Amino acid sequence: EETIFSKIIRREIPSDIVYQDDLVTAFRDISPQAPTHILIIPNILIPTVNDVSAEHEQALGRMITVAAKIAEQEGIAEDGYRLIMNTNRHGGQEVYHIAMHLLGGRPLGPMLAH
């Protein structure tokens, strides 16, 4: 059940890719929600965070280490930012290939609508 994210990874549909290595691809979100909104995803199809196992841990860590790098080069590192992963209906997960959202460029919070 490949999603559009695998075609993005493979440069078979256009996207603004900001970083890629053998574990991870990062690209700008097509419907951004903050001045910076970048997605960082594993190059392998893992549909939900429920599907992760210990073998994925390096790629999972790289997603965070890559978001940090990207936060710096976006000029958002000092003022700050948020990283978010959504899972299933309560999380609002829309694409079934795991993704960390990097959000920033302005004060962001609260974590959840009250």
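Heads up: residue numbers just count along the shown sequence, starting at 1.
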Query raised in the report: As stated in the PDB record, which stretch has the larger average Cα B-factor, 23 to 31 or 60 to 68?
Result: 23 to 31
Query raised in the report: Of the three thirds of its chain by CA temperature factor, lowest, middle or highest, which one includes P14?
Result: highest
**Report entry** Lowest, middle or highest third - CA B-factor, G80
**Finding:** lowest
Report summary line: Temperature factor at the Cα of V49, chain-ranked in thirds, falls in the middle
Requested in this report: Comparing against every modelled residue in the chain, figure out the third that the C-alpha B-factor of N86 lands in (lowest, middle or highest).
Outcome: lowest
